[PDB]
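Chains as they are written, first to last, in the numbering used here: chain A, 5 to 545; chain B, 653 to 915; chain C, 11 to 144; chain D, 5 to 545.
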């Protein structure tokens, strides 16, 4: 009993949803796709159990609290997911093996049940009023539960499988430690193998693509966060994760799971170039400005030229240097022939401001606003032109008046967004986060990391490869409204979960904290899949 | 071999998607719509092949180029299209007969395969990595390919069938004319015939509605219609190589306008 | 023919029509009066004056009344066939509402006097050259 | 005979290498890995033939010329390659089916043979002095030839399989057309399926990595060249391929297939920053310079700071504007505290030059050279300092004196390389090529594409994702010295082949032409695999 082999299911527990009629009907209806494939019952990939997930069980969990959910899918087994790349459909059930690492002195019970399709999974689900099985905290041998395929279709297409059942495990009775003390939690391991009636149909070419994508599993791979990927605002290597308990919004260079964007930029960093604008200087500070909604040459949107930052404008004059402003190197060029005014090359600051023919005032709404660029240093010689063009670089820096570092920018109050942009708000104990990278500052252009003058961090909403992938492929059917697609980040000490919504914002289970999370100890990233958005993500750091 | 009657299929080429299990399951599951209709196996409209389409095969077609492709539908047969006006559902397969009008001196081969539902059809689709059949340009007798009804639903409603399989014919090897000259293309004729398991269900009214074809009719351009800027009878078409733009009294295919005038 | 492309005034956000391979956007040309000679209509010795429009009026009315937002995918043309006495030609319509013909880089006016009938064809890829057998 | 089904092998032709002893020995020795997996003989993926490649046969091919080669590998079948992701070893042979699209009036014969391991494949191989089979050009039914597994190991590991045999098809007699005329070529199609003794052993986790990589197949994927990937010198979207008949060399931001580089930059674009240098100006042009071999803060190499361009310096003075020079926006900063001299912000030109305390002279050797930056426009006010720092952006532009466009730069004579850098030279009809992107020019900063003033193209040696992949993973065993890893680029009209060597240079079969190849009509990229470097690549455009 103390030793378990890979082919041992332990105690077999069944519920009222495992019937002969269901199996016979599933097998009969699956025949529309031809004879079943991969039915050799002596293959190693079919006979052994393989790891799926591990979750914890604490004494502070009240009865009815959900500890583990999983949606029926071939992605729940390492070898069925690989085999799914060469077939167009699948059918059948799966077996789930649970091992409880308890002791003989503990108390409490767990309950498991199968949820039929069409029922929402959340805090309002009463698992104990379904056909169910009860497992004690003192169980020694593993317990296996079978999830049948309850489907309204003849078979599940690889692209869009349709409606599938769900398996939920919740607390039946509180875990109790008679001694008390600091030991108040145990762990449960889940393992899976396909049932005897699982099958594939309709072999297909591996290079062909399904109308609808399986799932955005490949968007967030380890190189994206281990030092190769960069953020979508400052184009710098991501080095940390910054929680945002207040909440924020972002639309510039930001895609959702429907192949649409609310900004004006493309998933790249290319020189900002506009042709028609008003330039004047009434060592002098050149001031160029234009009206929003006039970028007729930008096909994505007309709000601003492609690449224009979505930060507010910080007023400044004379010797005073603005703090936390977006600065790019460039200048003015003659809109008549395209030639550049060589005497205006300098590091300008760009932003969105309203009513600035004379009075600079910051704004965060693109409706009825203006785009303003103003040099922070004296140019060689000023130019007065009614119509002139602006040419700036897209990879900017942060303006600071001294060598000291400031808080991460842009702050949530500095972000400028188009109307209709959805917002990210905390959900229970799940908080939206931003990706933090290291950026240069004008006060000290030599401090990068570990300097005595402090470290400066810029923030972005999505990684650049993730944005490119969301802008290329379609993921409008992989996730339902109200669920998070969860990946697992594995560090040297513990691990954490990272969720992605349908709007494109990332969430972590950091609660109300705001301390930056370091990614130096990251080892690898493992996808998990769809989970309810009201389930707290694991943060074991 | 030089004479073919209306009931001869010719050479029956089989693909792995054609199985007895599929036909049996389709017949069993189609019963949800009631007893099958138009299922007599001795009717004249079911036993014969009838013309559907024709396409051209040139020596300039590179391998992989698609020459013919149709989605599974009752519209692929002249007589099932007529009967589909009074029925609301259908299920079953269909056979396709191909006759190549070549000669004994030509070279080149074609490839045909059936694409399962849920897979995008386009230039990136590699037909030759699916189970397929190779047909030579010197074929004297007709070759028949059967498309089975692979579907995740119980039946196909006429309003919206859903996911359906697709038949694709593409170039396997280039057409070769040893003599060269001006003769550099041949024709291929396609005829169809329903399978033994095809059926209709759920009779409906002929005048029941489930494209912008009627927008541009002959009177619009033969002397009755007028332009949207000067209100004068259209008499010519002027190309604009440079390109232009227009929003006043101009509507797109989404029921919206960017101008300020009414039609 | 007027208005020339540089004379057209448009609101911001209006999409433009550009050549696609060998497919060129076209305008519909009609006969209009001029103040200098209000008697010349067609075949006059003083020349013929042509005005230009973007869409026919019945087509505009139909597009403004009914919904066609699902009949065509982005990147395809709905093609009709115009049959003349000698040969035929293809005419494509996009989602933005502009008409295209396979006239290449030519700019000569096409006469509609010999038109006999119009036959619809349907959706086709926008990168496929339209047949101009005239 | 005119119709062939997917399971029909046609005429079965055998040679002296297909023996009972070989099969029995292979089956017996494969048992060290346990029972064989995936042996179900009725599976669709085993019973059908699937497409491998298509090649042409011309009347101008002399006898003994090689038309088709393939190396024994599970990558030669679409479904065995997928299944190889979950197993640690394989053994067995493969069947190859050939179809000739000939006619009854043609003449000529082909010859096929199996080459045992350890024999070089090239123009010096006499195929007709091996056991072989002869195929006529008038063959109607397909002909199938079996390649047995002739291996010195018990089984082939997935990572490093070892020595394997090769299949070669060459001309036996010239193809003849009795009518003559313009018809002088026919086509041959090759298809594969596994033999009855093919097997897998030792199932493994799909997420585990093999010590040595299978093959660099995923380095060059369609998004890299369809509009997402960028070059490694100008960071611009690749839009064309430029042949280089003369030959060139490149080491800055360029990796080989051994995980090593000869340059000084990392696979990224980050601001160029150096601390110690001599700045002087004896509207004035500021001139900063330093000695090479003094970048102690750069861990990759000490030749130059990371990101410094590898182009030569073009002398200029007064009003004259240098042509085809690398220009970046930036300036001088105080090395004492890191503060920047705000009056020196301008667009400088950077380069390598020798002996420039007074006389500018270009150079192309980093040994005993100097790095020189000089502003091309007058700064607000000059600064004289014995020690000062330089801060420039890494995404530069091309300097031109007017609005006209020039040839693609840098030219092969302008590239600066470290000693020991291997060169790329034409091999028969295979010519090294560069990746061409669109870059801005100072004379006209508004012309991008299709402008009346001309188009300016910058050139790079490798795509950025390819460089990153080569710098992360190990490919030192996938390719032997003297072979090219070939991908296929499929356009609307025809296709082309692209080869990659061990040094990291790309080759195309464009011969002695130098016209730019457009990538607008590209549809998809299909890997092919290892091929002899002396075999001409197909260029059917």
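Note that CB positions come from ideal geometry on N, CA and C, so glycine has one too.
Contacts around residue i, its chain only, beta-carbon distance under 6 angstroms, and the 5 residues preceding and following it disregarded
i, result
"residue 845 of chain B", "701 and 747"
"residue 16 of chain D", "148"
"residue 3 of chain A", "The shown model of chain A, from 5 to 545, leaves out residue 3 of chain A, and the question about it has no answer."
Min CB distance residue i to chain B below 8 angstroms
i, result
"residue 157 of chain D", "no"
"residue 28 of chain A", "no"
"residue 305 of chain A", "no"
"residue 96 of chain A", "no"
"residue 29 of chain C", "yes"
"residue 176 of chain D", "no"
"residue 37 of chain C", "yes"
Collapsed DSSP secondary structure at residue i in the structure displayed
i, result
"residue 400 of chain D", "coil"
"residue 770 of chain B", "coil"
"residue 376 of chain D", "strand"
"residue 680 of chain B", "helix"
"residue 40 of chain C", "strand"
"residue 434 of chain D", "strand"
"residue 272 of chain D", "coil"
"residue 779 of chain B", "helix"
"residue 284 of chain D", "strand"
"residue 98 of chain D", "strand"
"residue 229 of chain A", "helix"
"residue 88 of chain D", "helix"
"residue 40 of chain A", "coil"
Residue-level contact to chain A via CB, residue i, 8 angstroms cutoff
i, result
"residue 22 of chain C", "yes"
"residue 223 of chain D", "no"
"residue 232 of chain D", "yes"
Chain G within 8 angstroms of residue i, Cβ atoms only
i, result
"residue 138 of chain C", "Annotation note: the requested chain G is absent from the structure, which comprises protein chains A, B, C and D."
Residues that residue i bridges to, as DSSP identifies them
i, result
"residue 83 of chain C", "The partner list for residue 83 of chain C (beta bridge, DSSP) is empty, contrary to what the question assumes."
"residue 841 of chain B", "B:706 and B:751"
"residue 502 of chain A", "A:491 and A:512"
"residue 882 of chain B", "None, per the DSSP bridge assignment."
"residue 723 of chain B", "B:818"
Below-8 angstroms beta-carbon distance, residue i vs any chain C residue
i, result
"residue 709 of chain B", "no"
"residue 300 of chain A", "yes"
"residue 372 of chain A", "no"
Residue-chain proximity (residue i, chain D), Cβ-Cβ < 8 angstroms
i, result
"residue 511 of chain A", "no"
"residue 395 of chain A", "yes"
"residue 410 of chain A", "no"
"residue 407 of chain A", "yes"
Sequence-distant residues of the same chain with beta carbon closer than 7 angstroms to residue i, five excluded per side
i, result
"residue 303 of chain A", "none"
"residue 348 of chain A", "290, 335, 336, 383 and 387"
"residue 143 of chain C", "97, 98 and 99"
"residue 708 of chain B", "837 and 839"
Own chain partners of residue i with C-beta closer than 8 angstroms, once the 5 adjacent residues on each side are dropped
i, result
"residue 910 of chain B", "899 and 902"
"residue 27 of chain A", "152 and 201"
>> Whether or not the stretch 104 to 117 of chain A and the stretch 234 to 245 of chain D are in contact is what I'm after, with contact meaning three or more pairs of Cβ atoms, one per stretch, closer than 8 angstroms; do they touch?
In response: They do not touch, by the three-pair rule.
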